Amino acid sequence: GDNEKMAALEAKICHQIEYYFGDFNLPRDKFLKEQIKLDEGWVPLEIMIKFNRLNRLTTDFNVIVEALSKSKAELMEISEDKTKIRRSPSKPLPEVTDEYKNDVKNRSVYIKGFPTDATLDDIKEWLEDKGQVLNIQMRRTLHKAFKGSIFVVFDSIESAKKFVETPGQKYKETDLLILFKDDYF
C-alpha cells in the first residue's frame, strides 16, 4: 500500500532530522551551527538535503514538510512559506552542568563484540528491541577503522539497567561484553 510505505518513510525522515538538531549532535556540528546563526534558527531545505543520510531517504521538499507536520516529538517547526525549518525556542539545548553530565553518564553503556565490517545500519537494527536509544558512537582507531566496540546513550537509567542486567546477549554467533561506562576504562 503506497500510503503505508509513505508513512514508514516519513517516520524515518523525522527521526533523522531530529537527530541532527538534537542534544547529542548539534553542539558538536560546526557546519550545522554555521547555518543556524543566520536567521533566528531557520535553515533552508536546500541546505538540509545535502546531509547524506537525509539525501538517501528523499530530496522532495513536500515530503519533508509533510513528515515533520505529523511528528510526535514536537521538536521541529516549519516556516510560513514552508522553505525553512528550525528547532523550537521552547526546546533549548541543556546547560552543560555537573548535574547534567552525571545524569547522562549514569545511562551510558559500553558494548564490545561487533565485527569490524558492521555498519551503523547493522547496529541500529540489532538495537531495535532493546529500549529507547538517543546516541550511538562507533569507536575507531587513528586511521578511522572500526574497533568493534561502541558507546550508547539510553533514554533513562531504568532502560539502561534493564539492558545491562540481561544475561545471554549475542550479535549473531558471538558473545558480547557489556559494561556501564562508569565500569569501562
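By rigid core we mean the largest C-alpha set that fits within 1.5 Å across both forms. Start at 1 and count along the sequence shown; that's the residue number.
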| item | value |
| --- | --- |
| Higher-deviation stretch (C-alpha RMS, rigid core fit) in 5 other deposited structures of this protein, choosing from 164-172 and 9-17 | 164-172 |
| Of 29-37 and 57-65, the stretch whose C-alpha atoms average the higher B-factor in the entry | 29-37 |
| Residue range whose averaged C-alpha B-factor is higher in the record, 163-171 or 6-14 | 163-171 |
| Selection by C-alpha B-factor (highest) of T83, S71, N102, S88 | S71 |
| Entry-reported Cα temperature factor of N135, expressed as the chain third it lands in | middle |
| CA B-factor placement of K144, once the chain's modelled residues are sorted into thirds | highest |
| Third of the chain's Cα B-factor distribution that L127 belongs to, per the entry | highest |
| CA B-factor ranking of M48, expressed as a third of its chain | lowest |
